[PDB]
Amino acid sequence: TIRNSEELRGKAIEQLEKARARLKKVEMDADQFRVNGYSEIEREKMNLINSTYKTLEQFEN
Amino acid sequence: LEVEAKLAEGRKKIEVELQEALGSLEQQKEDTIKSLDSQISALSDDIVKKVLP
């Protein structure tokens, strides 16, 4: 019983390290997601204003 | 949201600039036709003699 109490302690601490490990992994993944979302918000109004200038040349010339 | 509003504004601007350029080309064309009407008075002078073979 002493051994198996220690073993249940061990399983509990393995769930602890699982919790912190997933915390760290997903927080770094959301950091990379923040970087690439900054990039996707960079790339939009440039495309739309180049479309506006497409309409410009498509009417005036 | 920002691109929606600004692009509605941009396409509106593009179409109204199209209409302004259209008015300008219209007036320029009419002026050129009137100058051509003077030139073509000279043409009416110098054609009828040769038109008869």
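Listed as the method for this PDB entry is cryo-EM; the listed resolution is 4.06 Å.

## Comments concerning a nonpolar patch on the surface
On the surface, a nonpolar cluster with roughly 400 Å² of combined accessible area is contributed by B:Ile47, B:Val48, B:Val51 and B:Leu52. Topologically, B:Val48 is positioned in the segment after α1 (2-45).

## Let's talk about the packing of helix α2 (residues 44-60) of chain A against α1(B)
It is the contact of α2(A) with α1(B), at a shortest axis distance of 10 Å, that shows an interaxial angle of 10°. What the angle tells us is that α2(A) and α1(B) run roughly parallel. Contacts from A:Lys45, A:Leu48, A:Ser51, A:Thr52, A:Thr55, A:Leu56 and A:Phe59 in α2(A) reach B:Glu2, B:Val3, B:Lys6, B:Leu7, B:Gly10, B:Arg11, B:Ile14, B:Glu17 and B:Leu18 in α1(B). Along the lines of polarity and charge, the residues of the contact of α2(A) with α1(B) split into 7 nonpolar, 4 polar and 5 charged.

## Concerning the environment of A:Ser5
Residues and elements named next belong to chain A. Along the polypeptide, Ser5 turns up in helix α1 (residues 2-42). Accessibility expressed as a relative area gives 41% for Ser5, which makes it partly exposed. Distance from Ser5 to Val26, taken between C-alpha atoms, is 32 Å for residues 21 residues apart in sequence.

## Focus: the side chain of A:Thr55
With respect to the helices and strands, the residue A:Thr55 is situated in helix α2. We classify A:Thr55 as buried; its relative accessible area is 15%. Apart from residues no more than four positions distant in its own chain, A:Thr55 is found in contact with B:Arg11 and B:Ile14.

## Observations regarding the layout of surface pockets
In this structure, the largest pocket spans a volume of roughly 180 Å³. Along its surface, the largest pocket is lined by A:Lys45, A:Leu48, A:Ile49, A:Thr52, A:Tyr53, B:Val3, B:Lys6, B:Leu7, B:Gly10, B:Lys13, B:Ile14 and B:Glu17. At the level of secondary structure, the elements contributing two or more residues to the lining of the largest pocket comprise α2 of chain A together with α1 of chain B. For the lining of the largest pocket, the per-class residue count stands at 6 nonpolar, 2 polar and 4 charged.

## Notes on the interface of chain A and chain B
Taken together, the contacts link 7 residues of chain A with 9 residues of chain B. Where chain A packs against chain B, one counts 0 salt bridges. Counting across the interface, chain A meets chain B through 1 residue pair in polar contact. Looking at the side of chain A that touches chain B residue by residue, the classes come out as 3 nonpolar, 3 polar and 1 charged.

## Comments concerning a positive patch on the surface
Together, A:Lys45, B:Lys6, B:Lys12 and B:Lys13 line one region of the surface with positive charge. The leading source of residues in the positive patch is α1(B), at 3 residues. Looking at where A:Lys45 falls in the secondary structure, it is placed in helix α2.

## Quick notes on α1(B)
With 44 residues, α1(B) extends 64 Å between its outermost C-alpha atoms, agreeing within 8% with the 64 Å of an ideal straight helix rising 1.5 Å per residue. At B:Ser38, α1(B) is deflected by roughly 30°, the largest bend along its length.

Here is what the cut-offs are and how they apply
Residues numbered from 1 in each chain as written, not as in the entry; some residues may be left out. Chains lettered and ligands numbered in written order. Part of a larger assembly, values for the part shown. Heavy atoms only, no water. Patch = residues over 30% accessible without salt bridge, like charges linked within 9 Å, V, L, I, M, F, W, Y side chains within 5 Å. Areas by Shrake-Rupley, 256 points an atom, 1.4 Å probe, with all protein chains shown as cover. Salt bridge = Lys/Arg side-chain N within 4 Å of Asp/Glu carboxyl O. Helix = DSSP H or I, 4+ residues; strand = E, 2+ residues; numbered from the N terminus. Axes fitted to C-alpha atoms, helices over the stretch in contact; angles between N-to-C directions. Parallel < 35°, antiparallel > 145°, perpendicular 65-115°, else oblique. Contact = heavy atoms within 4.5 Å. Nonpolar A, V, L, I, M, F, W, Y, C, P; charged D, E, K, R; others polar. Buried < 20%, exposed > 50% of the residue type's maximum accessible area, 1.4 Å probe, protein only. 1 Å grid on protein atoms, 1.4 Å probe; cavity = no way out; pocket = protein on both sides within 12 Å on 5 of 7 lines; lining within 4 Å. Points joined across faces, edges and corners; volume = space filled by probe spheres on them. Polar contact = N/O pair within 3.5 Å; in protein donor to acceptor, adjacent residues only side chain to side chain. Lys, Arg positive; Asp, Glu negative; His and termini not counted. Charge placed at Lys NZ, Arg CZ, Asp CG, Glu CD. Expected span 1.5 Å × (residues − 1). Bend = angle between axes of the 7 residues up to and from the residue.

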